[PDB]
Amino acid sequence: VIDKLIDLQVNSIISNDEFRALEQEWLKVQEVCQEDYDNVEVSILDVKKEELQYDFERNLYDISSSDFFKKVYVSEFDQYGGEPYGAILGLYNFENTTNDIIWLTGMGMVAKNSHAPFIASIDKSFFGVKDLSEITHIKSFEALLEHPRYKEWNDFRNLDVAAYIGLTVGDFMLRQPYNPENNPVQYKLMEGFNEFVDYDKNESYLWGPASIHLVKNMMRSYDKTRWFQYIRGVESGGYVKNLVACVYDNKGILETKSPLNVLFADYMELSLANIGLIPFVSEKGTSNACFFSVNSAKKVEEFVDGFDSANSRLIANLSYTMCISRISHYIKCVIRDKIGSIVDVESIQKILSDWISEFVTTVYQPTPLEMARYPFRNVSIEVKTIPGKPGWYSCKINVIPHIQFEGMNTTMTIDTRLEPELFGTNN
Amino acid sequence: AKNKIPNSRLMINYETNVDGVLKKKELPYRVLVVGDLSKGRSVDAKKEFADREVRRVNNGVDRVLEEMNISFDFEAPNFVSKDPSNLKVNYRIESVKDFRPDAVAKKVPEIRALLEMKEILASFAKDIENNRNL
Amino acid sequence: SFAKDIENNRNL
């Protein structure tokens, strides 16, 4: 009967707020630093959202004086011996509020300069619904954003800084609740504890933002390959194997519970990519996921001229701005060595090109991984000295990344005109 | 010596000096994460934002945590021990397995009182004594 | 913020 107490005593503080707030805010921290690669050193910075809300909202029109900006740009990226950051990860959930909109506007103001794509997640309060599962009911989010409720948001999608924000939808289950027959608490070598239950039913037992696995794939897409082509699709990047599902015996026979918050359909995968969101879609029953779309919050536009239309399609694509960013981490990092050496217009075009040259091809290699070694297709690098300043220059590169698959239509038909020898008149 | 040795008729010297530009070790692709971890309860969290040394997680999330003094003194319903006063959960997080409904009963002094009996009370040999056999 | 869901949810 002492078990009856413990099953009440401990279950009183595990269900308690504040206590399970740290759980959420550490389980999803453990999730990131689970892989441990050869050359991918993560790093923490525990800060309340409000302590940054006040920061950017006070220094939106003076970002260089922002305290955070002075702990990522001018601190490690700018300074000599400093080690620059790469792809920040916002563990927060951002709504459609006109306050949280600034939070992104500021963090992106940093990311844009520090060159570090800021990945985050968006709350279910965005689509104006109290249960994220009920987003499936919305037909097309494309027609949704036309609603005047998103006016402030559509303005932000037009900003340049938004080409570095990458917001994710859906939240993966990060902990299985405690049952004796399922996920038993590892008791002690004598203190019988394994017989210990929890208390949940519908949908309210710990979640974590998809942004984790998104970044935790960018890490993967670096130890294996070297660039960030390997974070999309099933066969290529985002697959995310083996997630923490859940099972429960209400009355039937252990009816499984999908690991993901929401079971996105096919046209949901797409109808979100246009809004500038990253859906974390699940394979029904398979207890797995995959990132089909990896788009920034930047507007895609349309345009009449075909070239212009294609430009905006690649810029919105996050996976490229991750790569183009890695060139900035090459320039402002390596060329710093020869800051005093005597060099020319024809010499800087050598050093900068001789490097990137090993990462540009046209031929395709078997398998995705063996080819994702080569992110770019071709590059131009036209540097040129400026008048007045003798020792100063001004470069201007332009990279065309290997355009990813994105979909296709198809019209099948019985022609009966292909082989006229069987249906023709002459016989 | 700068004075330099007097030159003989056959001075051999052997040059051992080598010039060249030093190498640079690769940069580990750093990943910054920003979220309310401590809720305002840590050595680096209690300090002003103008001076918060970012962590590294060189070891693991188990030890980078213990590096931060994450404790909490939140109240909770009491169902153990005597006297009034709600149960006051008060202990600092070492590993990430601390939220495990088990490491909790080992940490909270009050609950440990019931777990202490389950070591002694439940270990009653009513199977060695009952199994008498002449 | 009255916890009439933590207290009502008694469970033995």
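Along every chain, residues receive numbers from 1 upward following the written sequence, which is not necessarily the numbering found in the entry; those without coordinates are excluded from display. Going through the entries in the order they are written, you letter the chains from A and number the ligands from 1. Each value given relates to the chains shown, not to the larger assembly they are part of. As a convention, hydrogens and water are excluded, and side-chain values are obtained from all of the structure's heavy atoms.

Deposited coordinates in this entry are attributed by the record to cryo-EM, at a stated resolution of 3.7 Å.

### Details of the overall build of chain A
How we decide: In this description a helix means any DSSP run of H or I spanning at least four residues, a strand means any run of E spanning at least two, and both kinds are numbered starting from the N terminus. Only protein chains enter the accessibility calculation, which uses a 1.4 Å probe. A residue is then buried if its area is under 20% of the maximum for its type, exposed if over 50%, and partly exposed in between. Contact between two residues is taken to exist if any of their heavy atoms lie within 4.5 Å; hydrogens are not considered. Here, Shrake-Rupley sampling with a 1.4 Å probe gives the accessible areas, and only protein chains in the shown set may cover a residue. Charge assignment in this entry is limited to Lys and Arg as positive and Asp and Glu as negative, and neither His nor the chain termini are counted. Just so you know, the charge point we use is NZ for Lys, CZ for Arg, CG for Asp and CD for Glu.
Along chain A, the regular secondary structure elements total 14 helices and 15 strands. Dimensions along the principal axes, computed over C-alpha positions, put chain A at roughly 85 × 85 × 50 Å. For chain A, with 427 residues in total, the buried portion stands at 49%. Sequence separation of 24 or more characterises 67% of the internal contacts of chain A that already satisfy a separation of 6 or more. Total accessible area on chain A is roughly 21800 Å²; 53% of this is exposed by carbon and sulfur atoms. Of the charged side chains in chain A, 41 are positive and 60 negative; the average position of the first set lies 3 Å away from that of the second.

### Concerning the arrangement of the chains
The interface with the most contacts, out of 2 pairs of chains in contact, is the one formed by chains A and B. The two partners chain B and chain C share no contact, and the minimum distance between any of their C-alpha atoms is 10 Å.

### Overview of the sheet that holds strand β2 (residues 89–94) of chain A
The condition that has to hold: Criterion used throughout: strands pair if DSSP finds at least two bridges between them.
Read across the open sheet, the 6 strands follow the order β1(A)-β1(B)-β2(A)-β3(A)-β4(A)-β9(A); overall the sheet is parallel. Looking at strand neighbours, the two that pair on one side only are β1 (42–43) and β9 (277–279) of chain A, the edges of this open sheet. Of the pairings in the sheet, the one linking strand β3 (residues 119–122) of chain A to strand β4 (residues 166–169) of chain A comprises 3 bridges and is parallel in character. The residue of β4(A) that forms the bridge with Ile119(A) is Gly166(A).

### Examining the side chain of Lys28(A)
Residue and element names in this part refer to chain A. Here is the rule: Polar contacts, as counted here, are pairs of nitrogen or oxygen atoms within 3.5 Å of one another; within protein the pair requires one atom able to donate a hydrogen and one able to accept it, and residues that are adjacent in sequence qualify only if both atoms are side-chain atoms.
Among the structural elements, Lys28 can be located in helix α2 (residues 19–30). A polar side-chain atom of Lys28 sits 3.5 Å from a polar atom in the side chain of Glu25. A polar contact of 2.9 Å, which involves the side chain of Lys28, links it to the backbone oxygen of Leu91.

### Digging into the nonpolar core
Generally speaking, a soluble globular protein has its nonpolar side chains buried in company with each other. Residues and elements named next belong to chain A. Where we set the bar: Here the nonpolar core consists of buried residues drawn from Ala, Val, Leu, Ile, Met, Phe, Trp, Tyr and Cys, with membership extended through side-chain atoms lying within 4.5 Å. The domain limits used here are those given by an automatic or database domain assignment.
Counting 85 residues, the largest nonpolar core has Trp26 and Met218 as the members making the most contacts within it. The element contributing the most residues to this core is helix α8 (residues 211–223), with 6 residues. The two domains that each donate at least three residues to this core are domain 1 (1–299) and domain 2 (300–405). Beyond its immediate stretch of four places on either side in the chain, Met218 contacts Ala87, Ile119, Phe228, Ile231, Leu318 and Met322.

### Things to note about the environment of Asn295(A)
Residues and elements named next belong to chain A. Along the chain, the position of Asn295 falls in the loop between β11 (288–290) and α10 (306–315). Given the relative accessible area of 10%, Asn295 is considered buried. Taking the C-alpha atoms as reference points, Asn295 and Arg313, 18 residues apart in sequence, are found 9.3 Å from one another. Once you skip the residues sitting within four places of it in the chain, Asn295 turns out to touch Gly166, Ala273, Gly276, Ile278, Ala316, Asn317 and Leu318. In this structure the side chain of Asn295 is engaged in a polar contact, spanning 3.0 Å, whose partner is the side chain of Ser293.

### A closer look at the pairing of β2(A)
Using the following cut-off: When the strands point away from the viewer, a crossover counts as right-handed if the route from the first strand across the helix to the second turns clockwise.
The buried fraction of β2(A) amounts to 5 of the 6 residues, a majority that puts the element mostly inside the structure. Where β2(A) lies against strand β1 (residues 31–34) of chain B, 2 bridges are found, and the strand directions are parallel. Counterpart to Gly90(A) in the pairing with β1(B) is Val34(B). Two strands pair when backbone bridges link them, and β2(A) and β3(A) are joined in this way by 3 bridges, in the parallel orientation. For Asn93(A), the partnering residue across the bridge sits in β3(A) and is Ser121(A). Handedness of the crossover joining β2(A) and β3(A) through helix α5 (residues 100–114) of chain A is recorded here as right-handed.

### Structural notes on helix α11 (residues 318–334) of chain A
Residue and element names in this part refer to chain A. For clarity, the threshold we go by: The length a helix should cover is 1.5 Å for every residue beyond the first.
Its 17 residues place the ends of α11 24 Å apart at the C-alpha level, agreeing with the 24 Å of an ideal helix rising 1.5 Å per residue. In terms of residue burial, α11 counts as a mostly covered element, since 12 of its 17 residues are buried. The set of residues buried in α11 consists of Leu318, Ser319, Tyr320, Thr321, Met322, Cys323, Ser325, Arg326, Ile327, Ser328, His329 and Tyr330.

### Considering the interface of chain A and chain B
The criterion, for reference: A pairing counts as a salt bridge when a side-chain nitrogen of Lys or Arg comes within 4 Å of a carboxyl oxygen of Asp or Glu. In this classification, the charged set is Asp, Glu, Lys and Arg, the nonpolar set is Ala, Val, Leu, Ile, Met, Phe, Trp, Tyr, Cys and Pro, and all remaining amino acids, among them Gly, are polar.
With 65 residues of chain A in contact, the opposing surface of chain B contributes 57 residues. Counting the contacts that link chain A with chain B gives 7 salt bridges. Residue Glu76(A) pairs with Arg30(B) through a salt bridge whose shortest N-O separation is 3.7 Å. The tally of links from chain A across to chain B stands at 23 residue pairs in polar contact. Among the secondary structure elements, those contributing two or more residues to the side of chain A that touches chain B are α1 (2–9), α2, β1, α3 (49–58), β2, α8 and α11 of chain A. Split into classes, the residues belonging to the side of chain A that touches chain B amount to 40 nonpolar, 10 polar and 15 charged.

### Side note on the side chain of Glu76(A)
With respect to the helices and strands, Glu76(A) occurs in helix α4 (residues 73–77). Side chain to side chain, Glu76(A) and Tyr85(A) meet in a polar contact 2.4 Å long. Other than its neighbours up to four places away in sequence, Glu76(A) contacts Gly82(A), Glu83(A), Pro84(A), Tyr85(A), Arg30(B) and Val54(B).

### Overview of the pattern of salt bridges
By the definition in use, this model includes 23 salt bridges over all chains. Close ionic contact of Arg232(A) with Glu406(A) constitutes a salt bridge, the shortest N to O distance being 3.8 Å. Of this pair, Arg232(A) sits in the loop between α8 and β7 (246–248) while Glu406(A) is found in the loop between β15 (397–401) and α14 (420–423), placing the two residues 174 residues apart along the sequence. Classification of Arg232(A) as buried rests on a relative accessible area of 13%. For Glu406(A), a relative accessible area of 53% translates into the label exposed. With its nearest N and O atoms 3.7 Å apart, the salt bridge here joins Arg92(B) to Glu94(B). Residue classification places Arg92(B) among the partly exposed residues on the basis of a relative accessible area of 36%. Look at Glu94(B) and you get partly exposed, because its relative accessible area is 29%. One salt-bridge network, in which partners are shared between bridges, spans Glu66(B), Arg92(B), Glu94(B) and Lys107(B).

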